[PDB]
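Colleague:
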Amino acid sequence: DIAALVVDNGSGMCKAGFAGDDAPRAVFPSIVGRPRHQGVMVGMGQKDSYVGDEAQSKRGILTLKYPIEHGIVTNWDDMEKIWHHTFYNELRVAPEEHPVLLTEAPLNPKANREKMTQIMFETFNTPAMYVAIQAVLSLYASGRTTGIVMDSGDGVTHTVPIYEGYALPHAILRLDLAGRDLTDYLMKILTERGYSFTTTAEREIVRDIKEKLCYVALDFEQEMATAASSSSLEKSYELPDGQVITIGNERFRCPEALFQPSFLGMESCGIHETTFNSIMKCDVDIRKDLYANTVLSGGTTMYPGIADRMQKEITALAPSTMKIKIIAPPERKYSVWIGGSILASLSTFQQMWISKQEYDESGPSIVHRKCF
Amino acid sequence: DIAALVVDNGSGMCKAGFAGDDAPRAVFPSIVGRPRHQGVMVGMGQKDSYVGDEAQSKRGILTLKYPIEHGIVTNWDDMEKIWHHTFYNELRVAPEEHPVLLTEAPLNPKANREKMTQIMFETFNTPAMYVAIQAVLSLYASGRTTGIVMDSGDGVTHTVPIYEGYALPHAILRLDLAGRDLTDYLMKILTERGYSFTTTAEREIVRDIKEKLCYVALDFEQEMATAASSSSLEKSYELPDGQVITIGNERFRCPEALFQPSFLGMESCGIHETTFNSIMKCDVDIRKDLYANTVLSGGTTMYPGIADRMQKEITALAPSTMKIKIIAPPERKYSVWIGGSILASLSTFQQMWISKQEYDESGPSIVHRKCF
Amino acid sequence: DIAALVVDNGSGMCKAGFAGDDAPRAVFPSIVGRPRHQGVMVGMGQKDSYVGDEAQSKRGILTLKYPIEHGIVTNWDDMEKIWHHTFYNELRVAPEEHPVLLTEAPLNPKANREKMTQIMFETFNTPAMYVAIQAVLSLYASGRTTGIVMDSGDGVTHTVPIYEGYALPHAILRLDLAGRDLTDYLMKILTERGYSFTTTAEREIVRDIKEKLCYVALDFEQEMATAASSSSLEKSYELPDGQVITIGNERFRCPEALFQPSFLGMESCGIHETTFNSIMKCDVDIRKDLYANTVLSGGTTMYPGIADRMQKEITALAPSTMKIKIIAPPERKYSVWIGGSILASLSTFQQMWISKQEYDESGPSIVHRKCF
Amino acid sequence: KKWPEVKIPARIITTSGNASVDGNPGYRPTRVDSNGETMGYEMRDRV
Amino acid sequence: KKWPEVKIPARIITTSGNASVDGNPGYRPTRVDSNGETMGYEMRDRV
Amino acid sequence: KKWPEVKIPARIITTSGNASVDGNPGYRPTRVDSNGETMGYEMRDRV
Ligand SMILES: Nc1ncnc2c1ncn2[C@@H]1O[C@H](COP(=O)(O)OP(=O)(O)NP(=O)(O)O)[C@@H](O)[C@H]1O
Ligand SMILES: Nc1ncnc2c1ncn2[C@@H]1O[C@H](COP(=O)(O)OP(=O)(O)NP(=O)(O)O)[C@@H](O)[C@H]1O
Ligand SMILES: Nc1ncnc2c1ncn2[C@@H]1O[C@H](COP(=O)(O)OP(=O)(O)NP(=O)(O)O)[C@@H](O)[C@H]1O
Ligand SMILES: [Mg+2]
Ligand SMILES: [Mg+2]
Ligand SMILES: [Mg+2]
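So, in structure tokens, the structure goes:
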């Protein structure tokens, strides 16, 4: 085989490339869009469906739908379109001659992984395939073998503790709270100023606002009190049509739902307490090393000040002797893909692929005894 | 203080009266009109603006303006005229000795409520005031503490789930689709028969046509097929000048935009699907009681057969074992006002008013921590 | 004094009644719940706290809290609410004129007994009080003075070997593995089929699923192979909102954590090996009688087929000439309370009560030298 | 007592929602701009 | 070789977790039912 | 008579045993420390 492909196809963003590369060759949203208006002009080369960046470019006349929700594929018909775009339009490669390494969140339904295997082997005819946990790959990118990875993508937040190469599955925790929920929450709270973004294209607009302007407060009540003097924290954003909106305390109420899920009406603990609970569920002798190597990954962990806030909240929970250290590499977005490209290029990993011979022998259920 | 006033200032209608009454004493459209032609008769008692029913009577020579659009005041200079008419002309009361309970849709801009408070305290000098959610009051008029209220007025549609006294704000949904949009859509589709209503007075004429003849089909496609052999479903309506128009399949294509917003070019879900989503966004254990206590309120839900259609659609969405019950009181047009009158006369509510002493020391922003 | 009371305050369930009765008069979960939502209706009698069955009924709007974890009280403020409900609301009795026989698991922290004594004597003013070991009481219900009691409840599993009237404290073993851990494990393994029960009320839903459908396989690997042909072992369960789930091999993988604690990541041996170790830690001459009188008790031991599995494993460990008998009454769920009621009504037990005079002259530490 | 004034923000016209410029024929949808940035629209009474 | 098919189970809508019916405006949450029992929901592409 | 008070010790979270911080979602596991050293945890009622 020529080389292996790595497809970190998360809930919100598809990140594809080749093993051995230090950056994904193609990054585009996991979006399939179809026109919602009357096509009057004959010819024009119109399409019944648009995928990825093409859907974003013409999202005004399009209804955008995410095939993945909460790390779980809800519509496999659009997932096949997403993967076909990834292979033949973005990477411009034939899957028939490249092993493919996929990513999945832990505690996912087992049928979701099985259909991944089935589609990779029977529709794209990949010579080999593997499914790895997103947070495990982030540890490969960091170069560590010990530490807890707090991965926050677009649909799923999950923490996986690892100590010298041994993962503790009983301590793995999962929160269905991520960038998509924060985008919806920002859409909700922006109505306090009269902004009424409702459509899916306006959902992308609000996602852009969130990525550009939302930030994590070190002290939420202090930042609220400072924002009561509403001239300093306020920022302007220009809509695609030219109208300018102003955002204020919403900028830090925007990520605060990660640390106070009760803002979303949810009962679960914040991401800081999730990591602390995951560390406490591990062995006593290994918690000290988990505190010093708490690694952040995923697109949602890119908020400014999220590392300092995670540091602050954890040291107030953990015993005062421990040296709480939060590692937030600038490549936090692509940490999963970099780890996947490292793993797929390892010499010791080449016998861990699910071979097409093994798929013929065992079927889609092979993935449960071969993968994590 | 003598008694408390209740004013259901919706987008299209103003409904005012005294607390403890079982029906509003004054009901008139929330319309401010000004003449659009040359006055030539000297004297005659001419005046620069007309409000409410007087504007409707003189609407031929008048340009009719709705100060409220989508439950939000767009021109306060005319909303103040609406309130002045309501107090000094319709109710014939002095506001300086009556607490006033107003209504507002959820997810409104916060400044809209603040100016309500400021105007009520600084221009009408009311001893106390309060702002309540429209759908919350509709549950009061239903004699219930558990159920989801689907309120449809002239400007907004909103669903508020409540279970044994506690509302779920994260599950509250809002649609900017209501009777005004349906009136404009009926104006649009009536042009297929050559009827060309364009002016604001003709907008009122089309609103009357909609209120008298539009109705909800139980099966839209079957009703379209029945109306294809056009004999029976056609009805005659007489314009105020004596010319009579005939309306056919438009009668049920008229409310169908509520259940198929794509008729208006909108991407949002129908009123049936929004209610189902609002129920499903609540806790699992309370959904069963919300299904059996789905309450319809507001003037837009007054279409004949809307309750049967809502029961039919929700039954197809909800699990088969749930008993879907749609409660549509005959007086549900005034359900918000009745709930406001019940609430304003409750003994325990008398310490929840925003007092004049409280507004003096805290200003308009007091309304946010008092009302909701 | 009128009569003695017996209160079996376990980790998850409270069983209260009068001494001499053959069944607890009041049984309700040991739960304190508080509303986690807004609350918009005035009046309605909205209490800020709910206890027992009322909290379970209203759990859709409440955050459910267990004041007891692993048989140890973690929050005494809610434990006092549990006891107040037990006395005044469930039993409808005045504690000032009834002795109270409490229960506790062995190897508990000594301060846990002391605060029980302090609360019973200072806040409830009980004339007398006692704290008996749960497994010792279970032997009373069996009508035996010899045998080893395997007691598993919601938070604690413990074995107490008892020869003729004499306990062997050095042979008493304890596992912090019980019904709550099994409920959490079932919650985590149901995600393989896509079920995502996360809230505290959904924890009770999963507990109901566990109580109705989980069972102990006689041969785990053979039953897994049988469930591989997935048509026969699957069962349907209807959620409170009408959606029905399907559970298959999880039905017997659910209780298997009792016999293979490594399923939970625990290093400890199974309950079968715990009993065998407890028997082997006793004198050689008494092991023969402990094998023939292995009493099974507690609500966790109510899984179908658990007695047959316990017999199967212990026969494999014990010498072949021993006649292993697993004594599982139909009332294992109430064996502790029945034994407590028997003990509290014995004439010879009347001088073993901690008198209010003894508490006055000795303090809470009287419980260590008087009880056990 | 008199508090200074509640300033209602300029309306932002989305594809569909809270505000539209076509809703009221009697109101002129005047543009509101501070500095060079156009903050939105407000409905004056001229048309 | 070709194995028959991986059948994706119907999604169970809990209070907060893996699935929701409001997530995708482009997907209609059609009810899945076998016998008289509602197995859950799946996202058809019509709305 | 009244005796001063029974002070329940702070809970020590071992690998597996008497106490865990994840057991009750309704309780916040506040750190208990004296002389600057952590003695354990206690379950306050806020979360
Ligand atoms: N600068 C940013 N600030 C805040 N949020 C961001 C930023 N960049 C990306 N995000 C969020 O992160 C998402 C993408 O992160 P990514 O790591 O690609 O998620 P994923 O892997 O697609 N999802 P999952 O499978 O659930 O891990 C975006 O859609 C946003 O929600
Ligand atoms: N019989 C009817 N059939 C159909 N539609 C009707 C009928 N009567 C009234 N309507 C519609 O309902 C509107 C009045 O409803 P109402 O409950 O007074 O709305 P509102 O409270 O003014 N507005 P909102 O702010 O959305 O609550 C009318 O203007 C029509 O659009
Ligand atoms: N029929 C059943 N099948 C399976 N598990 C059950 C059944 N009935 C009860 N349980 C479990 O047992 C628990 C109750 O047992 P119980 O003996 O009342 O515990 P407790 O006395 O409250 N706690 P402990 O301090 O450990 O004795 C439930 O909450 C379930 O976890
Ligand atoms: Mg990811
Ligand atoms: Mg209304
Ligand atoms: Mg018990």
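Chains as they are written, first to last, in UniProt numbering: chain H, 4 to 375; chain G, 4 to 375; chain L, 4 to 375; chain P, 352 to 398; chain X, 352 to 398; chain U, 352 to 398.
Ideal placement from N, C-alpha and C gives every residue a C-beta, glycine not left out.
Let me make sure I understand the geometry here. Which of L:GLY251, L:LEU221, L:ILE369 and L:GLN246 has the alpha-carbon closest to that of L:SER233?
Modeller: Cα-wise, what sits closest to L:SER233 is L:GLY251.
Colleague: Could you check which residue in H:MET269, H:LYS213, H:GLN314 and H:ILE274 has the C-alpha nearest to that of H:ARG254?
Modeller: Out of H:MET269, H:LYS213, H:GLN314 and H:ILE274, H:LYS213 has the C-alpha closest to the C-alpha of H:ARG254.
Colleague: Can you pull the DSSP bridge partners for L:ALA29?
Modeller: L:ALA19.
Colleague: Which value, in whole angstroms, describes the spacing of the CA atoms of G:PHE127 and X:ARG395?
Modeller: So the alpha carbons of these two residues sit roughly 54 Å apart.
Colleague: Starting from the C-beta of G:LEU242, find all residues in its chain whose C-beta is less than 8 Å away, skip the five residues before and the five after it, and write them out in chain order.
Modeller: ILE208 and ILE248.
Colleague: Output yes or no for whether 7 Å exceeds the beta carbon distance between G:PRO322 and L:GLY245.
Modeller: Yes.
Colleague: If we count the other Cβ atoms within 10 Å of its Cβ and call it buried at 16 or more, is G:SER60 buried or exposed?
Modeller: By the 10 Å Cβ count, G:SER60 comes out exposed.
Colleague: With distances taken Cα to Cα, identify the nearest neighbour of L:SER52 among L:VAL43, L:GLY46 and L:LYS68.
Modeller: Selected option, being the one with the closest Cα: L:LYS68.
Colleague: Any contact of the segment 353 to 368 of chain P with the segment 181 to 192 of chain H, i.e. 3+ C-beta pairs under 8 Å?
Modeller: Short answer: they don't touch.
Colleague: Would you tell me roughly how many angstroms separate the C-alpha atoms of L:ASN115 and L:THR160, rounded to the nearest one?
Modeller: Near 18 Å, if we compare the C-alpha coordinates of L:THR160 and L:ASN115.
Colleague: Three-state secondary structure (DSSP) at H:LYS84?
Modeller: If DSSP states are grouped into helix, strand and coil, H:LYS84 belongs with the helices.
Colleague: Are the Cβ atoms of L:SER281 and L:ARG335 separated by less than 7 Å?
Modeller: No, these two residues do not count as a Cβ contact at 7 Å.
Colleague: Using 10 angstroms around the beta-carbon of H:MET153, count the other beta-carbons present and answer buried if the total reaches 16, otherwise exposed.
Modeller: With 16 or more Cβ atoms within 10 Å of its Cβ, H:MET153 is classed as buried.
Colleague: Got a sec: does ligand 3 put a non-hydrogen atom nearer than 6 Å to the Cβ of L:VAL10?
Modeller: For ligand 3, not one heavy atom lies less than 6 Å from the Cβ of L:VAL10.
Colleague: Per DSSP, which one or two residues make a beta bridge with G:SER234?
Modeller: Answer is none; G:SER234 lacks a bridge partner.
Colleague: For a quick check, are the C-beta atoms of G:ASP81 and G:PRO70 less than 7 Å apart?
Modeller: Result yes, Cβ atoms of G:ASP81 and G:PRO70 sit closer than 7 Å.
Colleague: Please look up how many angstroms separate the CB atoms of residue 3 of chain G and G:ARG28, rounded, as I've assumed it's under 8 Å.
Modeller: The question about residue 3 of chain G has no answer, for chain G in this structure spans 4 to 375.
Colleague: Does the distance between the C-beta of G:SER14 and the nearest non-hydrogen atom of ligand 2 fall short of 6 Å?
Modeller: True, at least one ligand heavy atom lies under 6 Å from that Cβ.
Colleague: Give every residue of the same chain whose Cβ lies closer than 7 Å to the Cβ of H:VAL370, excluding the five residues on either side of it in the sequence, and list them in chain order.
Modeller: Same-chain partners within the cutoff: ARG116, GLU117, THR120, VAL134 and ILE357.
Colleague: With a threshold of 7 Å between beta-carbons, can L:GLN41 be considered close to chain U, or not?
Modeller: By this cut-off, L:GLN41 is not an interface position.
Colleague: Please confirm whether G:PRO172 has its beta-carbon closer than 7 Å to some beta-carbon of chain X.
Modeller: So no, G:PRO172 is outside the interface.
Colleague: Once the 5 residues before and after L:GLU226 are set aside, which same chain residues still bring their CB inside 6 Å of it?
Modeller: The residues are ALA220 and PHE255.
Colleague: Can you pull out the residues from the segment 102 to 122 of chain G whose beta carbon lies closer than 7 Å to at least one beta carbon of chain H?
Modeller: Hits within the stretch, in order: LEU110, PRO112 and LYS113.
Colleague: By the 10 Å Cβ neighbour count, where 16 or more other Cβ atoms means buried, how is L:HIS173 classified, buried or exposed?
Modeller: With fewer than 16 other Cβ atoms within 10 Å, it is exposed.
Colleague: Just how far apart, CA to CA, sit H:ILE34 and H:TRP86?
Modeller: Each residue's Cα considered, the two are about 11 Å apart.
Colleague: Shortest alpha-carbon distance to L:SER199 belongs to which of X:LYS353, X:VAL357, X:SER371 and X:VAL398?
Modeller: Measuring from the Cα of L:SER199, the nearest candidate turns out to be X:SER371.
Colleague: By Cβ distance, which residues of its chain are closer than 6 Å to L:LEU320, with the 5 residues on each side in sequence left out?
Modeller: Excluding sequence neighbours, L:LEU320 sits near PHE279.
Colleague: Return the chain-ordered list of same chain residues with a C-beta closer than 7 Å to the C-beta of G:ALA295, the five sequence neighbours on each side being excluded.
Modeller: Around G:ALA295: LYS326 and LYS328.
Colleague: Can you confirm whether the segment 6 to 13 of chain H touches the segment 34 to 47 of chain H when touching is taken to mean that 3 or more C-beta pairs between the two stretches lie within less than 8 Å?
Modeller: Verdict: no, contact absent.
Colleague: Helix, strand or coil, according to DSSP, for H:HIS161 in the structure here?
Modeller: Looking at H:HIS161 - three-state DSSP - the assignment turns out to be strand.
Colleague: Using a Cβ-Cβ cutoff of 8 Å, what residues of the segment 190 to 213 of chain L are near chain X? List them in chain order.
Modeller: Answer set for the segment 190 to 213 of chain L: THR194, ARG196, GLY197, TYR198, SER199, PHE200, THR201, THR202, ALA204 and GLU205.
Colleague: Where does L:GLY48 land, buried or exposed, given buried means 16+ other C-beta within 10 angstroms?
Modeller: Looking at its Cβ environment, which holds fewer than 16 other Cβ atoms inside 10 Å, L:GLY48 is exposed.
Colleague: Work out the CA separation of H:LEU216 and H:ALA230 for me, nearest whole Å.
Modeller: Taking the straight line from one Cα to the other gives about 15 Å.
Colleague: Please confirm if X:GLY374 has its CB atom under 7 Å from at least one CB of chain L.
Modeller: Not an interface residue.
Colleague: What's the C-alpha gap between G:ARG196 and G:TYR240?
Modeller: Using only the alpha carbons, I get a separation of about 14 Å.
Colleague: Give the range of the alpha helix (DSSP H) segment to which G:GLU117 is assigned.
Modeller: Element bounds for G:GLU117: 113 to 125.
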